[PDB]
């Protein structure tokens, strides 16, 4: 989410995906395995945070007939302290989880980019804005071979090396 200067608001099929533009036509297909990876990780975070406690706390005050003022001040003091502790823990928890979530998504995007980069050894060159320049017109069947990680890295080498 850095050098990719933006997101595709039109990509409604998944989180990550491609958008190819060769001589045959246009293309925008979502990548299911990376999107499912990030979705699985966030889902795990939700499964860990959304939790039910089996610890039962009993009534220690009395809303209808106030208890002794001293023990009531001790009870209010302790309750306020615990409330401060849990407010701190909640704030820090949410902030940290959000940080690791954003960095997690960015990491998945970068690792995908490096995956496609390693698929295209010398037949393509990095553009600098998250795109790959292909020195030979890759048709739609070749694009589908790139998506499902079946593009041959040597049976298109010499043609692109000449260009």
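Positions refer to the first chain, counted from 1. Here the rigid core means the biggest group of C-alpha atoms that line up within 1.5 Å when the two forms are laid on top of each other.
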Next on the checklist: Superpose by the rigid core and compare 47 to 55 with 99 to 107; which one moves more, by C-alpha RMS, in 9 other deposited structures of this protein?
Outcome noted: 47 to 55
Item to check | Residue stretch of maximal mean CA temperature factor, 120 to 128 vs 45 to 53 | outcome: 120 to 128
Item to check | Mean C-alpha B-factor comparison - 36 to 44 and 111 to 119, higher one | outcome: 111 to 119
Checklist outcome for this item: From 103, 97, 61, 133, the top C-alpha temperature factor is at 133
Checklist entry - In terms of the chain's CA B-factor thirds, is residue 30 lowest, middle or highest? => result middle
